[PDB]
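Q:
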Amino acid sequence: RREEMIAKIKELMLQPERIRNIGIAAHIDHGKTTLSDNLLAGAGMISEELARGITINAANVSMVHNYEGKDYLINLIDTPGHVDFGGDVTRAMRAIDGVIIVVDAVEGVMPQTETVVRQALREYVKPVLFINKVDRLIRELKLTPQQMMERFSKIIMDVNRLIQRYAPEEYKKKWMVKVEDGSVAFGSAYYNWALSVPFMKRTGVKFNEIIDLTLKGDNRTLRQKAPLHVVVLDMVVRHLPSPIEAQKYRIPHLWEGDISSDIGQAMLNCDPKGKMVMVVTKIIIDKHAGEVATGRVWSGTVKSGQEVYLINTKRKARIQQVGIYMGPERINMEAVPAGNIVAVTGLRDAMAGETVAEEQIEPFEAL
Ligand SMILES: Nc1nc2c(ncn2[C@@H]2O[C@H](COP(=O)(O)OP(=O)(O)O)[C@@H](O)[C@H]2O)c(=O)[nH]1
């Protein structure tokens, strides 16, 4: 039901501890797009009452996920795929608080894997690990359960070596990933299943059941018994931070202004009562709506009709319509508080990376 989901989005956007702003990153062909598309589909966000390629270069897609009796609003924000480095990559890392690092079970950790882990960690983005294509270990390589667990262990050790080496000093140990606490999951994005220790504890489901169904070709039972979106989004909710948790340590890194100032404090503490500061992540031109700027609200509350400064472009402006994402769709909202990803009209002169603020402040980017 559409009206129900819209109400749910409004409910959760008002509670910053229920939000997760994330991205997904991977070496080429390891499964970023398949995971992205199938999480969105599995969470039921593109059902007719409300798949391949829908997330490709999508500014944001949101998913509502229930975890231990509470609903969460997960924003899967665009991160550039298949590129080594660039301003676009850095900018997208700065927009997300958590990242799912996807590693192919066959190739393992590859040079581009190391690059994306580095790039995320450099901006205080907390990682979790999803080991993909486990169907290939089962069917094509015909590995034993012990051989597969040993393969996972090696991947995990390689990832943690990168975290130890590249995480900000304070998080070199804290952000290591482990199978035991479910900050690692493994599965097949393509066949819509995954497992983790917390999921297996909760349900009693065992890897051998998944192996059996896989070899039998019972793909319907497979994806229902160990759903990709349940296992992976459970991991997102438990282990990736809310914007209010993340901004307390991310904002001094991200913004070069005076953290002790009122606006600095409002961003540090994700305060919806402070002056509004947002950063534009992406702009598209819609034939009907005109320029639509997607962005993250760091502080304050963004409103339809709100007068703002475009800091990099050096102009005063007025936001026309504010929107928020429901799956891939923009839905109108007249006011949206800090912590959220929004889409706004009225800022045609803005560029990607633009700092948009109620007061003249230091920009997040030199632009
Ligand atoms: N066997 C298998 N193939 C997969 C899986 N996930 C993705 N693929 C395939 O691997 C290729 C690359 O996937 P894609 O999601 O586009 O990778 P990306 O480049 O990281 O975005 C495509 O042919 C996918 O269908 C998986 O779990 N198992």
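Going by the working numbering, the sequence shown opens with residue 5, and the numbers climb by one from there. A virtual CB, placed ideally from N, CA and C, is assigned to each residue, including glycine.
#1: Would you say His86 touches ligand 1, meaning its beta carbon is less than 7 Å from a heavy atom?
#2: Taking contact to mean at least 3 C-beta pairs separated by less than 8 Å, is the stretch 272-284 in contact with the stretch 302-320?
#3: Using a threshold of 7 Å, is the CB atom of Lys137 nearer than that to any non-hydrogen atom of ligand 1?
#4: Nearer than 7 Å: is that true of the beta carbon of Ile32 relative to any heavy atom of ligand 1?
#5: At the level of alpha carbons, what is the spacing between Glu249 and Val340?
#6: At 4 residues or longer, and completely inside the stretch 261-289: list those alpha helix (DSSP H) runs for me, N to C.
#7: I need the straight-line Cα distance from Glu362 to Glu213, nearest angstrom please.
#8: Verify the contact flag: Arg140, CB atom, against every heavy atom of ligand 1, threshold strictly below 7 Å.
#9: May I ask you to check if the CB of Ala193 is nearer than 7 Å to at least one heavy atom of ligand 1?
#10: Whole angstroms is fine: what's the gap from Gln151's alpha carbon to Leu166's?
#11: Looking only at DSSP bridge pairs, what is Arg322 linked to?
#12: Quick one: give me the first and last residue of the alpha helix (DSSP H) that residue 382 is part of.
#13: What separation, rounded to the nearest whole angstrom, lies between the Cα atoms of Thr37 and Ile50?
#14: Grab me the residues of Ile26's own chain with a C-beta within less than 8 Å of its C-beta, minus the 5 sequence neighbours each way, in chain order.
#15: Pop quiz: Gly299 and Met282 are said to be a contact at Cβ under 8 Å. What is the actual Cβ separation, rounded to whole angstroms?
A: To lay it out plainly:
#1: Taking the first residue of the sequence shown as 1, we reach residue 86 at position 82. Correct: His86 has its Cβ closer than 7 Å to ligand 1.
#2: yes
#3: Counted from its first residue, the sequence shown places residue 137 at position 133. Within the cutoff, so yes.
#4: Here the question's residue 32 lines up with position 28 in the sequence shown. Yes, since a heavy atom of ligand 1 falls inside the 7 Å radius drawn around the Cβ of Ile32.
#5: In the sequence shown, residue 249 corresponds to position 245, counting from 1. In the sequence shown, residue 340 corresponds to position 336, counting from 1. Near 19 Å, if we compare the C-alpha coordinates of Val340 and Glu249.
#6: Here the runs fully enclosed are 266-272.
#7: What you label residue 362 is simply residue 358 of the sequence shown in a count that begins at 1. What you label residue 213 is simply residue 209 of the sequence shown in a count that begins at 1. Rounded to whole angstroms, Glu362 to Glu213 spans 56 Å at the Cα level.
#8: Numbered from its first residue, the sequence shown carries residue 140 at position 136. Yes, the beta carbon of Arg140 sits closer than 7 Å to at least one heavy atom of ligand 1.
#9: By 1-based counting over the sequence shown, the position of residue 193 is 189. Correct: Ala193 has its Cβ closer than 7 Å to ligand 1.
#10: Start at 1 with the first residue of the sequence shown, and residue 151 comes out as number 147. Start at 1 with the first residue of the sequence shown, and residue 166 comes out as number 162. Their backbone Cα atoms lie some 23 Å apart in a straight line.
#11: Within the sequence shown, the letter at position 318 stands for residue 322. BP columns for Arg322 point to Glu311.
#12: There is no way to answer for residue 382, as the model of the chain reaches only from 5 to 371.
#13: Within the sequence shown, the letter at position 33 stands for residue 37. Within the sequence shown, the letter at position 46 stands for residue 50. If I take the Cα positions, the gap works out to 16 Å.
#14: Numbered from its first residue, the sequence shown carries residue 26 at position 22. The answer, listed in chain order, is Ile78, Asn79, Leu80, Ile81, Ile100, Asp101, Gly102, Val103, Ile104, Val240 and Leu244.
#15: Locating residue 299 in the sequence shown gives position 295, where the first residue counts as 1. Locating residue 282 in the sequence shown gives position 278, where the first residue counts as 1. At roughly 4 Å, the Cβ-Cβ gap stays under 8 Å, so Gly299 and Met282 are in contact.
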